[PDB]
Every structure is written in structure tokens, then in C-alpha cells.
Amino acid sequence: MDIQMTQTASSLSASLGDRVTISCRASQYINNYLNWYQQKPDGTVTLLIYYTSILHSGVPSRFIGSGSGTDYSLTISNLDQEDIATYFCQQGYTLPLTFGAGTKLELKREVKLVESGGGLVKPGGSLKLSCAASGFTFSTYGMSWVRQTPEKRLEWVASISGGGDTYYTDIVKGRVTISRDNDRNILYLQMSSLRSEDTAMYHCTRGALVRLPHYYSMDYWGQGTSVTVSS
């Protein structure tokens, strides 16, 4: 069954210099295969921590990731203006990949992925999303689509290995097809028979293999392309 990730706090209110702790609970054991993402106010998503406690490139040791079993946390000390953002945890232990609903921090008082092809369609319509990749050896990396719903949740849609193996979340199976062109360095999502609940911003992400056989982090995110499905 699906692993539910729970972030009990939807927002925490803090002052500059404060220390804040964001909880993340898994509904079952995830073997410490927990990633944390930061989404800035402008929508940009970056990887923050992977494998519970390993800091991603560029992240200062003011951030500490902790936890085991089902109980995890992210602590940010010496809170800075640049930390005002929404933080999401994500388990990478079993499919479907699942995210917590996010915890916003509020104050009191190179590699490129570019998505295109979104649009507005009626239920039952079709769209082809594209993600142009540059700045890395595209054919060696797993790639994914992750959508952000109007309620601001992150939902994994599909992933494809460098060699073309594919994986989908159940609710899109048989309705979308992920594919890639390793000569043109483009990732695709063909969407058919669209449904209203598919309305979301679709982000393409690069997967970094953390531990075999298939524990990944999403180490780079595009800004997304919007899909709207309306009667």
C-alpha cells in the first residue's frame, strides 16, 4: 500500500536567527530513504537533504536532517531571509514515490531543465509535455515528472531510467506515457484522456541514484509547465 508522508505543521512562524524543526512522519518503515526539498516563494524547488541527513551541494550545515523508522525531522538554525520557503519531505523507498504536504516557514511581522507544452484542454483531451535538458550527460540519468496541484501538493507522476524503463503512479497508468530522446536530450510526457484532477504544474526533475537498486533523489527541478483541464 502507498506510504503516506505526514507533515503535521502547515506553517511555522519564526524570527531571524531562530531555530525551527519541521516534522515528517512516514506511515511505514522507509529505511532512512528520506529526501527534503525547499520551494522558494518564486516556486523554485531544490534538493536540500537526501538519505535522511546528507546535505545536497551548496546547503550549509545550519540545516540538519534527522530521523529513523517512521519519524523524521529537518532543523534549520540561524534562520535567514533566504530560508523563508516551503519544505517538503519525500520517501524514496517504494513506489509510488510520495511527498509530505509541505511546511511553510514565515517571518513574524550548468544544469538546466526547461518544460514546455502545457495548455488548457477539456476532459478527455491530450497534451504533450517536453523538457529540454542541458548541462549534463542526459542519457545516464533517470528523469521524472512531478506535478504540483492547485492545493500545493507535490505528486510524483512518472519516471524513466536512462535506458528507457518506465514507472508510473497508479492514478495516471494507461493515461500518460513518459519517454525520452537521448540524442536531443529531451524528456516527454504524452498525456491522453486527461481528467480535471490532472490540473497542475508539471515539473521535470533529474534523478540522482543514491543507493542501488533504485533509491533516488530529485537533484534538479525545472520551473514547470501548466496543464489545465476544465469542463
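All residue numbers are counted from 1 along the displayed sequence.
Per the record, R109 and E110 are separated by 10 or more deposited residues that have no coordinates. Checked against the record, the higher mean CA B factor of 153-161 and 130-138 lies with 130-138. For the pair 5-13 and 212-220, the mean B factor over Cα atoms is greater in 212-220. By the numbers in the PDB entry, the CA B factor is greatest at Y29 among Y168, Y50, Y188, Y29. As recorded in the entry, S192 carries the highest CA temperature factor of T46, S192, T199, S179. The entry lists a Cα temperature factor for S66 that places it in the middle third of the chain's modelled residues. In the deposited entry, the Cα temperature factor of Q81 sits in the top third of values across the chain's modelled residues. In the PDB entry, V146 places in the lowest third of its chain by CA B-factor.
Per-chain ranking of the deposited C-alpha B factor places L105 in the middle third.
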